[PDB]
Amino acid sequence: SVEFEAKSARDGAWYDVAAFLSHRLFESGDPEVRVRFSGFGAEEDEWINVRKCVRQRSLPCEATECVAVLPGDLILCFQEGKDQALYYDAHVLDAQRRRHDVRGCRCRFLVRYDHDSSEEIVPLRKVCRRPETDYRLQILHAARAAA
């Protein structure tokens, strides 16, 4: 299973990491790592900033995990446009809570993409949360029960 994702210089989108091949520039305090992306090959390999542009993989959200998605959060969000659909950093502007049903979460999230400042209302299917929001599932168990 993939553990990490990395931001591509081509498009500013985030992609799953297949392997870290090498690293450099540690002595600078700002190391880079040579990334082989999942589903791609050697041609798409990049040197990527370790501190800011590599991270633990975002978590596709299901069911009542929506309680861990709050206004203000950074999320990784699937941006479906006219001719492309890629995962981009976005911030949640608003969380509209709605009745869950047999297919799970019906909540709607107004998001703003960080790279183009565009705004969209998305369903939970498009939302991947950062692992550092997991703790909220423990706090908000009663909200999960309510949903």
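Residue numbers run from 1 along the displayed sequence.
Legend: mean Cα B-factor per stretch from the PDB entry, 75-83 versus 98-106; the higher mean is in 75-83.
Mean CA B-factor, 17-25 versus 128-136: the higher value falls on 17-25. Listed residues 65, 119, 30, 114 were ranked by CA B-factor as deposited; 30 comes out on top. Per the PDB record, residue ranking by Cα B-factor puts residue 92 in the lowest third of the chain. Residue 42: CA B factor lies in the highest third for its chain, per the PDB record.
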